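First, one chain by itself: the form deposited in one PDB entry, in structure tokens.
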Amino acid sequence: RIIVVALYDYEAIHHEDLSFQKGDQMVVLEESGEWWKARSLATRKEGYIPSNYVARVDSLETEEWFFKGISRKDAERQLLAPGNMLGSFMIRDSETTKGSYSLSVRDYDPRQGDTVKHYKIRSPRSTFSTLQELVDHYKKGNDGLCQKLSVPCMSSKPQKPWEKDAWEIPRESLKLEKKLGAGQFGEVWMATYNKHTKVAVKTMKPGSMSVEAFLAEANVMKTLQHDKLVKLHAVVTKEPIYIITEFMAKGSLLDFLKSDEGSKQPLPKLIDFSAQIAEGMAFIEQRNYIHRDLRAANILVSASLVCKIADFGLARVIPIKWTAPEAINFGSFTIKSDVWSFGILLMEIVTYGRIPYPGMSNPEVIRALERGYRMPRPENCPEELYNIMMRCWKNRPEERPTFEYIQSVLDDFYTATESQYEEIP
């Protein structure tokens, strides 16, 4: 008889799902993925609950200061997001000591700025019974920490999982309310699914993109979910093909960088964007795929300033200034040619969306590349960041770095390796 408890309030929006409040417990009846059949103990109603909204009772996730499955850098990102302050903290699974837990605390530093310090856990000069007591002490005066614990890190509701068994949907479920962009193969619309969920919808123009073959690839992309790739929610099988993805409130990185909220983003933020994108490419790199069209226009920014690679699968169904010479001349697109593109993307970001090689036509650009030309360095781009672009722009593909390496460098750009975790007496 399994029992769970609710971490956040939830309003039912479908037919068979339950409403529940933060703290309500319920008996688990069926475990079938993102949705669980359960029986609320507060209402006695049976129905479906989003499985990521609940945790086993008396387990660590029930605590407001615990954060399951969070990397050191994610913890750094979450702690630095608005709503937090000096002393804000969390306890999470250690990324390196795979089985133990670490502490992450927010600090201010007059030179650097707002920072996040990480402390490993099991100082020998302190024995607390379990993790709760540990928290309890450091809240009243630091026992060595660079700052003393104030409040747990702000946490917001997870994204609602898509409706169960609603991968193939009828067109009737959608109201496409606003055309966001048009192009060669169709349009992208801001839409509403069953009057309750805001989504984005890619409407396809039919071509050699064979129906039952286009849908084959979309099914592939649906297996390749990652936090840094845009969620594939649903599909409409009948021509013209509709692709339903999650809505990204701030649109393209290109447009967002050109905006006024964009022109306020400091360099550490721009690099953070780059790090997110490289994490997405690193996932793709690991799975042995290729994006083939990496650039700022194909990156989406969420409302919370999270950057995701806008899929990516469009090359499995169908701009040389972003393209490596090897793929331009012989059509040899690889993960290494994306690296080149990423380097160009990197320049876009630092230049707030300024078009690459400004003032040069395509052939101008190509012959310049063969000469050995590369874009110069903007009067705000760091030498060490520029050096990364150059390494991406190596003429021989095999000498360009991996995304795995690129991600690790951008992630800790301002942090010496020796300074990742603090070390206490």
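Numbering starts at 1 and follows the sequence shown. For the two forms, the rigid core is made up of the largest set of C-alpha atoms that agree within 1.5 Å on superposition.
Unmodelled deposited residues between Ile318 and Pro319: 10 or more, per the record.
Unmodelled residues of the deposited sequence between neighbouring positions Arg122 and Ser123 number 4 to 9. Mean C-alpha B-factor is higher over 126 to 134 than over the other stretch, the pair under comparison being 323 to 331 and 126 to 134.
Taking the PDB entry as given, 55 to 63 carries the higher mean Cα B factor of the two stretches 55 to 63 and 42 to 50.
Across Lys269, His226, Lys148, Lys202, the entry's maximum B-factor at the CA atom is seen for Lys148. Ranking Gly280, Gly343, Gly183, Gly251 by Cα temperature factor from the entry places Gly183 first.
When the CA B factors of the chain's modelled residues are split into thirds, the value for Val27 lands in the middle one. Split the chain's modelled residues into thirds by C-alpha temperature factor. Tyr193 is in the lowest one.
Among the modelled residues of its chain, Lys179 has a C-alpha B-factor that falls in the lowest third according to the deposited record. Placement of the Cα temperature factor of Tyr108 within the chain: highest third of the modelled residues, per the deposited record. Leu385: CA B factor in the lowest third of modelled residues in this chain (values from the PDB entry).
The same protein also has a form deposited in another entry, omitted here; what follows describes it.
The Cα shift for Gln25 between this form and the one not shown, taken after rigid core superposition, is 2 angstroms or larger. In this overlay on the rigid core, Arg39 has a C-alpha that sits 2 Å or more away from its partner position between this form and the one not shown. Positional change of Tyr48 between this form and the one not shown reaches 2 Å or more at the C-alpha, relative to the superposed core.
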